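Enquirer: When you get a sec, could you give me coordinates for this:
(4 chains)
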Amino acid sequence: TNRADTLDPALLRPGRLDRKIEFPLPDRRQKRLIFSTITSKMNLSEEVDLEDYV
Amino acid sequence: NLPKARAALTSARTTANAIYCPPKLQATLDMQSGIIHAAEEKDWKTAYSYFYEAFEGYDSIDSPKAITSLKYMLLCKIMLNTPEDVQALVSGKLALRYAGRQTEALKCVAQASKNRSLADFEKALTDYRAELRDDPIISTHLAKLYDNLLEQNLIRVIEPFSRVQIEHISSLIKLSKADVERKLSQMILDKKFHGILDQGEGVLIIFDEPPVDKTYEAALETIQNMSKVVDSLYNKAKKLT
Amino acid sequence: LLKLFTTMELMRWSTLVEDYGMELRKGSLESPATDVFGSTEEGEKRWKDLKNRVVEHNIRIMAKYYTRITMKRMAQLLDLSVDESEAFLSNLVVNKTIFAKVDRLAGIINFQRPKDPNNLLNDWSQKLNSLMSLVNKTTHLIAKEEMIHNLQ
Amino acid sequence: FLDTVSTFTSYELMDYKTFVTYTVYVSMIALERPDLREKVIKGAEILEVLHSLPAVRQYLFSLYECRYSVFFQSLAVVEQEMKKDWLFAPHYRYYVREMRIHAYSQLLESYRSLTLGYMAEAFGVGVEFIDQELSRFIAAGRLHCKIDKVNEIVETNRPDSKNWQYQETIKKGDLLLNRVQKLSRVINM
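Expert: Residues are numbered from 1 along each chain as shown, chains lettered A, B, ... in the order given. Shown next is the protein structure:
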């Protein structure tokens, strides 16, 4: 979830953390990718530029 | 030069790796593992996943080198012919981003590596001879396309009726005995083509019926039964002596 | 038209020329002839689509007597040549509507079914059809027997 | 020799390229054709150290092709080394004709109405060479075929569900039968 105040006395531990991996979120260069993939679902006239809002 | 890139590989993975923060020439090494090790015939998709890592590391790069940083992987999409990342590479912006004329060549490279008609291919063989200039190995890139197009033609011609004269099924290639007999016998040896050719009367005849588990499963389980009875032969030879 | 739709009754194609071409020799409505065969690069394609009818639909009426025919007899029955036969064999085998297999070791070939593809089906069809007929037999031979021996 | 990950060079390998020779010199016989493409097409970990040795790669791809005069060529290379490599000298005699018949099986699996002319393209003058060659392949219990002189028939044959797979059961359990029967006849007296 969003809030992280629930554990690590037992999830992420010395020994228990063998593939228990902390997962943050993605950097810049990712909004471009989402803009590339989800706007490829629509039809995209042939020229309305897209880096102008990243 | 692949042994020079091999001594440079064995120097790269510890000497360039002995230079801190290289996210720059490691993608160069990815292109190198996609041209040397695909020139070592490893796999289309392992080397092309290294081309995927290269394709997502070819940004913020100057224009007369990013105009030719896609030539290897897209003339390898000409090599691939199971292109499998049209929807990600060439719909993607790196083939739809740059000002020069080589990306305008890679546009029609992309669309021809989507369609692949003989009416486009054998006619733009002369239109892509200056695009055969940038072919690093002059065999496999076009040879997978046309040596796939062999059996493409064959399933276009042999399919609708099984047995046939060899001469009129070979009229669409005009050679009767040179390599199409070897290709059809090779598809017999690869089980793409189930039948019998001819040289005497020149009559190809397609037919097949392999699986009989009534014979196979029964008799091979009896072979296992006989092995088990031989395993009981020592209970026998033990109760006797 | 409709008599040509049921078994197609292997007529003369110049009697089709009679029927479908003396419609222009009508001292009445020629707007049927004008709409259908007054066309040239569509109506000529309808004339040869009706040659496609004679080959198409008459292979579907001749599909019974095969598993044995040469090629000359198929030319002598399709009301056309052997070259027109091979062109029509080409476009109807790429139709691949019913499974053809044609070969010229001597030419005894045909449009065909999948060529009796089974084993014991013959025992099933022949002996079980005929013998379950022969077991329904006694069950209605007693029927006939009782109904005729009510009186005599 | 499948694995090839942990044997770069230990103190027991004076030449890992001799391990490459040992894997090609047995993969050319034993390995099946989907196994052949699965080993030397789908994977490269032996193909680098034998892409330093291209005629080995060439011979395996010609084995994958069926071109036979280069089988004569490179099989003669392998047989020169088969005399000139140890652990082979009590054993080389089976190798030549075994690789030859390993090609001859798929050769006849091409088709049936074959000759010695269309095969003499691949053989040279394989006319009375194939006399003793293929006739003793017939008489060595091998190479199921029929062959004619002037009508010049060739035959590819043996569907597996025919008679011998039906036969092998009682082939075991007749000698096995009276074996266990006499073993059950020691019991009375």
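Enquirer: drop to CA atoms for contacts and neighbour counts, all remaining ones
Expert: Fine.
Enquirer: does chain D sit close to stretch B:30-47?
Expert: Yes: using C-alpha under 8 Å from any C-alpha of the partner chain, stretch B:30-47 reaches chain D at B:37, B:40-43.
Enquirer: I meant to write stretch B:143-153 there.
Expert: No: using C-alpha under 8 Å from any C-alpha, stretch B:143-153 never reaches chain D; the gap is at least 13.2 Å.
Enquirer: Around chain B, which positions in chain D sit nearby?
Expert: D:33-34, D:41-45, D:47-48, D:51, D:65, D:106, D:109-114, D:159, D:161, D:165-166, D:168-169, D:172-173, D:180, D:183, D:186-187.
Enquirer: hmm, back to that, if you look at the residues of stretch B:30-47 next to chain D, which of them are in strands?
Expert: Within the residues of stretch B:30-47 next to chain D, no residue falls in strands by DSSP state E.
Enquirer: Okay, and which of those map to helices?
Expert: Residues from these lying in helices, with DSSP state H as the criterion: none.
Enquirer: Go through those and name the one nearest chain D.
Expert: residue B:42 (4.6 Å; C-alpha to the nearest C-alpha).
Enquirer: can you pull the contacts of the closest one?
Expert: Going by C-alpha atoms under 8 Å, 6 or more residues apart in numbering or on different chains, residue B:42 touches D:41-45.
Enquirer: please redo it, this time with the cut-off set to 7 Å
Expert: By C-alpha atoms under 7 Å, 6 or more residues apart in numbering or on different chains, residue B:42 lies in contact with D:41-44.
Enquirer: What of residue B:181?
Expert: With C-alpha under 7 Å, 6+ apart, residue B:181 has no contacts at all.
Enquirer: next SSE after the helix or strand hosting it?
Expert: Assigned by DSSP states H and E, residue B:181 belongs to helix B:180-189. Scanning forward in sequence from helix B:180-189 by DSSP H and E, the next helix or strand is strand B:195-196.
Enquirer: Following element in sequence after that next one, please.
Expert: In N-to-C order, the element after strand B:195-196 by DSSP H and E is strand B:203-206.
Enquirer: near chain D at all, that following strand?
Expert: No: contact of strand B:203-206 with chain D (C-alpha under 7 Å from any C-alpha of the partner chain) is absent, the minimum separation being 9.1 Å.
Enquirer: Report how many residues lie close to whichever residue of chain A sits closest to chain B.
Expert: Minimum separation of chain A from chain B (C-alpha to the nearest C-alpha) falls at residue A:36, amounting to 7.3 Å. Residue A:36: 17 surrounding residues under other C-alpha atoms under 10 Å in any protein chain shown.
Enquirer: Export the residues of stretch B:30-47 next to chain D as JSON lines, with columns for distance to residue C:80.
Expert: JSON lines is the format used below for the residues of stretch B:30-47 next to chain D (distance: C-alpha to C-alpha, whole Å):
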{"residue": "B:37", "distance to residue C:80": "61"}
{"residue": "B:40", "distance to residue C:80": "59"}
{"residue": "B:41", "distance to residue C:80": "56"}
{"residue": "B:42", "distance to residue C:80": "57"}
{"residue": "B:43", "distance to residue C:80": "55"}
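Enquirer: For chain D, which segments count as helices?
Expert: Going by DSSP H, chain D shows helices at D:16-30, D:33-40, D:54-63, D:69-83, D:93-110, D:120-123, D:129-139, D:164-183.
Enquirer: Distance to chain C and mean neighbour count added to the ones you listed, as JSON lines?
Expert: Output for the helices of chain D, formatted as JSON lines (distance: least, C-alpha to the nearest C-alpha, whole Å; neighbours: other C-alpha atoms under 10 Å in any protein chain shown):
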{"stretch": "helix D:16-30", "distance to chain C": "37", "mean neighbour count": "15"}
{"stretch": "helix D:33-40", "distance to chain C": "30", "mean neighbour count": "15"}
{"stretch": "helix D:54-63", "distance to chain C": "33", "mean neighbour count": "17"}
{"stretch": "helix D:69-83", "distance to chain C": "33", "mean neighbour count": "16"}
{"stretch": "helix D:93-110", "distance to chain C": "20", "mean neighbour count": "17"}
{"stretch": "helix D:120-123", "distance to chain C": "26", "mean neighbour count": "16"}
{"stretch": "helix D:129-139", "distance to chain C": "30", "mean neighbour count": "15"}
{"stretch": "helix D:164-183", "distance to chain C": "20", "mean neighbour count": "14"}
